[PDB]
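Take a look at this single chain in structure tokens; it is the form deposited in one PDB entry.
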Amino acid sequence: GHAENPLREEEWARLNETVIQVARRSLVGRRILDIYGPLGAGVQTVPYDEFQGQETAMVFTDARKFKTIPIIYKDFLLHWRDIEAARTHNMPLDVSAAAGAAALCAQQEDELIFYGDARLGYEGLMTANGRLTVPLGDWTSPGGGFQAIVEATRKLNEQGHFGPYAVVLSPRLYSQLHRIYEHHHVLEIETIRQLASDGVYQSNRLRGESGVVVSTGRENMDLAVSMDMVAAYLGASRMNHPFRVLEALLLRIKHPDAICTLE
């Protein structure tokens, strides 16, 4: 009675679609970053940089750096009588716990993307060495956000990065960009959307009053994914069934000067 697969193919597919739909609904960075992969679950180490080209033998060693790929996961539990009822009474199965686990995993992925981990030697878009900086200014009065975005665009342009550009902002700035004033009547969010072709987005992971403008391109930054978010069975403990939702990816920043941060 221990078995290997407590569910059927249709239930497996339905759970996987639920998880992937939650992940695609929740993730933000995948709208601004390119994908290198999937490479496979057996790949654990990835290069970080780009390859640059007598009377005894010679020894050659690669000058590139390498990094290991981490894993993100979250667990949940299912009931054997519920599974039996679903199988015998021809009812659909409930996947709310799987949806919540996928949402938590997506939140953790976004946190790792935007801030990384200093203890493990991981860098984020907001803490990378070599990025450009633009003073925030005063967004309470009209014009500050547009001026800051224009200045950031100019500074990115002067370093040989010509766009198109993407903008990510904190909830406070995003809400401040939608204010209505007397005889101003034009949305700074609309003007910034017109200016930035790749898009303007809001993320709750950003803290306080902060924002980032990035120049897209595979030769500046990307995301290497070994295994996309998926669910697995951990084996029956007692008679209930445990499952785990997990994924594996890493962020590679090759040109730090394509990122500008607005205080």
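Note that residue numbering follows the sequence shown and begins at 1.
Although not depicted, the form deposited with a partner chain bound is the subject of the following passage.
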Contact test in the bound PDB entry: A13 vs its partner chain, heavy atoms, 4.5 Å: no
Distance check, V212 to its partner chain in the bound PDB entry, heavy atom within 4.5 Å: no
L250 within 4.5 Å of its partner chain in the bound PDB entry, heavy atoms: no
